[PDB]
Amino acid sequence: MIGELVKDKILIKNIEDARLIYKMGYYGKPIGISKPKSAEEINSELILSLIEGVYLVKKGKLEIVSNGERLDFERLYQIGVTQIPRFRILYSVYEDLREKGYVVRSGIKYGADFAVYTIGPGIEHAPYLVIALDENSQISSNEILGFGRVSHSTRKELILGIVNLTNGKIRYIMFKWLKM
Amino acid sequence: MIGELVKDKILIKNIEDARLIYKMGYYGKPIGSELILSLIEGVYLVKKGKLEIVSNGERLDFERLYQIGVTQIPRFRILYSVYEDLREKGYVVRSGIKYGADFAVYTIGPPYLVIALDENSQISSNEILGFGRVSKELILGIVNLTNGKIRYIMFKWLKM
Ligand SMILES: [Cl-]
Ligand SMILES: [Cl-]
């Protein structure tokens, strides 16, 4: 498994490698398709985000190169910090959730950071929406109101992933828009 | 029902009146007896026509009492908005300070802790899960000072 760093994303040019990385656990998105039922229908280069790439590298399931240079975890992580806003808190939740066995996808279509899934041999579940947060970052009422808006929009489960960048621990707090 | 304004609180000197106001729906706290009502409770009861208030001769109506609340009590506007809305919805609303919140709401349907907030407020992620009773639930009372509408959002400390 080898991938090319191109800006803020990682390109998987080999289709076999692509289909394999995707089979592993629904990583990346193929170019031109939105979301493949199976890796079987993937025929275009697999595109991985830095968050996904950095995870896979750390998992030893992927090597990354940037025009000759071989970027390891320390370097890739650092690039994520520079390129991607909120990279630290986003990777912390991505990793933690991924490490716990959930299948983590982008949650932007739903107005959140991630779309977390519980899957297994012949088992698919509804997507939990997670929004990563820096425990200290001050949230406004307008943002908090924006939260409870994305929640009862696709009426799924909205969840805040509060990360401590020091100890790396994570506190998950879910909230619903109530109708007192 | 007549009550005296004494600073930021309202005194109910008559014990019958006291016991009645308390029977109504658990309003005020006795000094255990004179029933002591907070401006938030007093202003509500006045508006409900269930209580008259006096301040050394002067008869204070809703407009004046409300204004006094604004002057005396910090966050009075957002606190009364949630108090009233919740009370108007039939919940029994008590102080929630013992629990580190504004109110302790009791449902008479099928204590919830609520913290009233203004649309311009800014709470940290660790102020939230921080304290109330979280690390159970804590309900956020988000108030729009313009239209006076209120959005309630509850959140729990999860264990993913
Ligand atoms: Cl992603
Ligand atoms: Cl009260």
# chains A, B, ... in the order shown; residues from 1 in each chain; ligands from 1
>>> residues_near_ligand(ligand="ligand 2", cutoff="10 Å", atoms="only C-alpha atoms and all ligand atoms", output="ChimeraX atom specification")
/B:27-29,37-42,79-80,83,92-97,102-104
>>> residues_around(residues="residue 31 in chain B", least_positions_apart="4", cutoff="12 Å", atoms="only C-alpha atoms", output="JSON, numbers by chain")
{"B": [11, 12, 13, 15, 18, 35, 36, 37]}
>>> write_last_selection(atoms="N, CA, C and O atoms", output="PDB file, in the first residue's frame")
ATOM      1  N   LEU B  11     -41.180  38.965  51.115  1.00  0.00           N
ATOM      2  CA  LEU B  11     -41.620  38.372  52.371  1.00  0.00           C
ATOM      3  C   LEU B  11     -43.135  38.173  52.464  1.00  0.00           C
ATOM      4  O   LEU B  11     -43.906  39.075  52.139  1.00  0.00           O
ATOM      5  N   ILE B  12     -43.553  36.982  52.892  1.00  0.00           N
ATOM      6  CA  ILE B  12     -44.974  36.678  53.077  1.00  0.00           C
ATOM      7  C   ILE B  12     -45.119  36.488  54.586  1.00  0.00           C
ATOM      8  O   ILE B  12     -44.822  35.415  55.113  1.00  0.00           O
ATOM      9  N   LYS B  13     -45.562  37.537  55.273  1.00  0.00           N
ATOM     10  CA  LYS B  13     -45.705  37.510  56.724  1.00  0.00           C
ATOM     11  C   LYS B  13     -46.893  36.720  57.280  1.00  0.00           C
ATOM     12  O   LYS B  13     -46.794  36.118  58.352  1.00  0.00           O
ATOM     13  N   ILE B  15     -49.126  33.662  57.795  1.00  0.00           N
ATOM     14  CA  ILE B  15     -48.966  32.215  57.630  1.00  0.00           C
ATOM     15  C   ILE B  15     -50.041  31.527  56.789  1.00  0.00           C
ATOM     16  O   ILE B  15     -49.752  30.550  56.104  1.00  0.00           O
ATOM     17  N   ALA B  18     -49.190  32.411  53.366  1.00  0.00           N
ATOM     18  CA  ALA B  18     -47.975  31.660  53.108  1.00  0.00           C
ATOM     19  C   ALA B  18     -48.327  30.242  52.680  1.00  0.00           C
ATOM     20  O   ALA B  18     -48.036  29.839  51.555  1.00  0.00           O
ATOM     21  N   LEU B  35     -43.096  32.885  54.574  1.00  0.00           N
ATOM     22  CA  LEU B  35     -42.727  32.325  53.281  1.00  0.00           C
ATOM     23  C   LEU B  35     -41.860  33.347  52.564  1.00  0.00           C
ATOM     24  O   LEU B  35     -42.209  34.527  52.501  1.00  0.00           O
ATOM     25  N   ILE B  36     -40.720  32.912  52.044  1.00  0.00           N
ATOM     26  CA  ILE B  36     -39.843  33.831  51.333  1.00  0.00           C
ATOM     27  C   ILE B  36     -39.790  33.528  49.839  1.00  0.00           C
ATOM     28  O   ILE B  36     -39.386  32.448  49.425  1.00  0.00           O
ATOM     29  N   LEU B  37     -40.223  34.497  49.038  1.00  0.00           N
ATOM     30  CA  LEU B  37     -40.242  34.363  47.591  1.00  0.00           C
ATOM     31  C   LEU B  37     -39.160  35.209  46.949  1.00  0.00           C
ATOM     32  O   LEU B  37     -38.869  36.310  47.408  1.00  0.00           O
TER      33      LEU B  37
END
>>> atom_distance(atom1="CA of residue 99 in chain B", atom2="CA of residue 17 in chain B")
29.2 Å
>>> residues_near_ligand(ligand="ligand 1", cutoff="8 Å", atoms="only C-alpha atoms and all ligand atoms", output="ChimeraX atom specification")
/A:28,48-52,94,104-106,113-114
>>> closest_atom_pairs(of="chain A", to="chain B", cutoff="10 Å", atoms="only C-alpha atoms", output="Markdown table")
| residue | atom | partner | partner_atom | distance |
| --- | --- | --- | --- | --- |
| A:96 | CA | B:160 | CA | 9.7 |
| A:97 | CA | B:160 | CA | 8.3 |
| A:100 | CA | B:160 | CA | 8.7 |
| A:133 | CA | B:125 | CA | 7.5 |
| A:134 | CA | B:125 | CA | 7.1 |
| A:135 | CA | B:125 | CA | 4.7 |
| A:136 | CA | B:124 | CA | 5.7 |
| A:137 | CA | B:124 | CA | 5.7 |
| A:138 | CA | B:124 | CA | 4.0 |
| A:139 | CA | B:123 | CA | 5.4 |
| A:140 | CA | B:122 | CA | 4.3 |
| A:141 | CA | B:119 | CA | 5.0 |
| A:142 | CA | B:119 | CA | 6.3 |
| A:143 | CA | B:122 | CA | 9.4 |
| A:144 | CA | B:153 | CA | 8.8 |
| A:145 | CA | B:151 | CA | 7.9 |
| A:147 | CA | B:153 | CA | 9.6 |
| A:148 | CA | B:153 | CA | 7.1 |
| A:158 | CA | B:155 | CA | 9.9 |
| A:159 | CA | B:158 | CA | 8.5 |
| A:160 | CA | B:158 | CA | 9.1 |
| A:161 | CA | B:158 | CA | 9.4 |
| A:162 | CA | B:125 | CA | 7.1 |
| A:163 | CA | B:125 | CA | 9.6 |
| A:164 | CA | B:126 | CA | 9.8 |
| A:170 | CA | B:160 | CA | 9.3 |
| A:171 | CA | B:158 | CA | 7.0 |
| A:172 | CA | B:158 | CA | 4.7 |
| A:173 | CA | B:157 | CA | 4.4 |
| A:174 | CA | B:155 | CA | 5.3 |
| A:175 | CA | B:155 | CA | 3.9 |
| A:176 | CA | B:154 | CA | 5.7 |
| A:177 | CA | B:153 | CA | 4.8 |
| A:178 | CA | B:152 | CA | 5.4 |
| A:179 | CA | B:152 | CA | 6.9 |
| A:180 | CA | B:152 | CA | 7.0 |
